[PDB]
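The chain below stands alone, shown as structure tokens; this is the form deposited in one PDB entry.
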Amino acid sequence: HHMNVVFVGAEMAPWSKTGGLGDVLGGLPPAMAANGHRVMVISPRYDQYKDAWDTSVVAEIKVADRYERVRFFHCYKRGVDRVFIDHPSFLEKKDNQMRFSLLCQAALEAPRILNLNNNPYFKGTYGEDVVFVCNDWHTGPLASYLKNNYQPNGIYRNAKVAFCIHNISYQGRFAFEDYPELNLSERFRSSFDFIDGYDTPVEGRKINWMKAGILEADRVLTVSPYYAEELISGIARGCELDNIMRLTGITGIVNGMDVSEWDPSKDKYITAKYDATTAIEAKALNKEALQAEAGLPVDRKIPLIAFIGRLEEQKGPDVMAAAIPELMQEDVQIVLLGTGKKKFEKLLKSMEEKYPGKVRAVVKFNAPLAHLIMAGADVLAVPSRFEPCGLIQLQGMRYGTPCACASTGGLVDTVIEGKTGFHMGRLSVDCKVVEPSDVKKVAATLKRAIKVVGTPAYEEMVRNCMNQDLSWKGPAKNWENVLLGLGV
């Protein structure tokens, strides 16, 4: 009931973040520290972090053949031992495999070779009764290293690794010849061993870090229970793949969210701040600011739909694009915000040119415009092909923006029909195609949604979205339970 938890990952908010990996390692650890657990978080050191200080400790790392010197940097924040791994590989201005062999390996050193006394309830070295939590493919090998170098020599013999899937898209697939360079024994190859692109003209044998992580761990997790059930069922498409393997007993837990970065009553990028009681009036003001900034007609009576996402197949921008003409029979505005694959940037931009004064694609990275979007939109459209958990819909609800979303993964868990958003049904997993029947669903659900905007019932929805606890308090008790089931 009083465990040492060590999280490892390639990202760590606020220091580093791109997807929901950063977010999770930002907020979940402290929430577990608040519950009376000693909690560390190791991730690389990509820049010279102001708040992070040199601890003078060093291990030397066996990667390929090059012996490598890493420095440990520290930072005790929100009841959390936050540890960064220093090396010129990370400090940048195939090589990716060396970088993260570094991370995995170092992470195995920090629980033993560091004196951390900052905590009023725990002292000195973390020890060897550790629960490791590995996040994404970048830390897949950790369990293997631990079995390779520590458990035969009688170290960490009680320990347990849990492995968490944040997104099945990126698996760490490497040429199989490169295996030796992990300096892991032969008994662990078969865990990495992978047939990529089966029965397609680019079928090739590969080393797969995510697969290693999953097979070698004592407990496998992902970021949503429905998605767990999607994976256990073999709906498991990473888009540019099928199934991976026969997954089993995977446990899903819905992510919380950084409720301080995203907080309509304190946000500083938006025109009007608010809570549930003042949301209707303030969102109207944000909506008119937003119309102004997007060069669309400024009018609060026009319902405004927003898409915000990486322009990748996963998030269905092509499906979003296809539905615009249908939606354009209605009196609505659409604002899209994302970057990625240019054939998509090209699609949305063509959509702006065809319907000016009605559609605005902002292909650009713009954190501040995203808050404004979130505060001013009436509906957020999330036509995803797959969605492990999602952050966008959580962010929406936090800002009282209900979500019209595809019925997959985390969206099924977090978005309730008629209470906090509208389900479109499940879209075709066949990423390359845009099924016309899917285009039909998306437009239909968006027509329902906007037809509700303005009615009193819509305002209840807004209130519903804003009354939810979307912090980590609730999810952290779910994690705690899973980690306690692990014996140690």
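So that there is no doubt, residue numbering starts at 1 and follows the sequence shown.
Quick note: we don't show the form deposited with a small molecule bound, though the next part is all about it.
J.: Using a 4.5 Å heavy atom cut-off, which stretch among 112-120, 403-411, 67-75, 338-346 contacts the small molecule in the bound PDB entry?
T.: Partner-contacting stretch among the options: 338-346.
J.: Does at least one non-hydrogen atom of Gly19 fall within 4.5 angstroms of the small molecule in the bound PDB entry?
T.: So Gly19 counts as contacting the small molecule.
J.: Against the small molecule in the bound PDB entry, would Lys268 count as a contact residue? Criterion: heavy atoms within 4.5 Å.
T.: Output for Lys268 is no: heavy atoms all beyond 4.5 Å of the small molecule.
J.: With heavy atoms only and a cut-off of 4.5 Å, decide whether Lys315 touches the small molecule in the bound PDB entry.
T.: Looking in the bound PDB entry, residue contacts with the small molecule include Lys315, since a heavy atom lies within 4.5 Å.
J.: How about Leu391 - does it come within 4.5 Å of the small molecule in the bound PDB entry, if we only consider non-hydrogen atoms?
T.: Yes.
J.: Between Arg219, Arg310, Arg99, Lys147, only one gets a heavy atom within 4.5 angstroms of the small molecule in the bound PDB entry; which residue is that?
T.: It is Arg310 that has a heavy atom within 4.5 Å of the partner.
J.: Select from the listed residues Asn167, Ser191, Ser224, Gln333 the one whose heavy atoms reach within 4.5 Å of the small molecule in the bound PDB entry.
T.: By the 4.5 Å criterion, the partner-contacting residue is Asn167.
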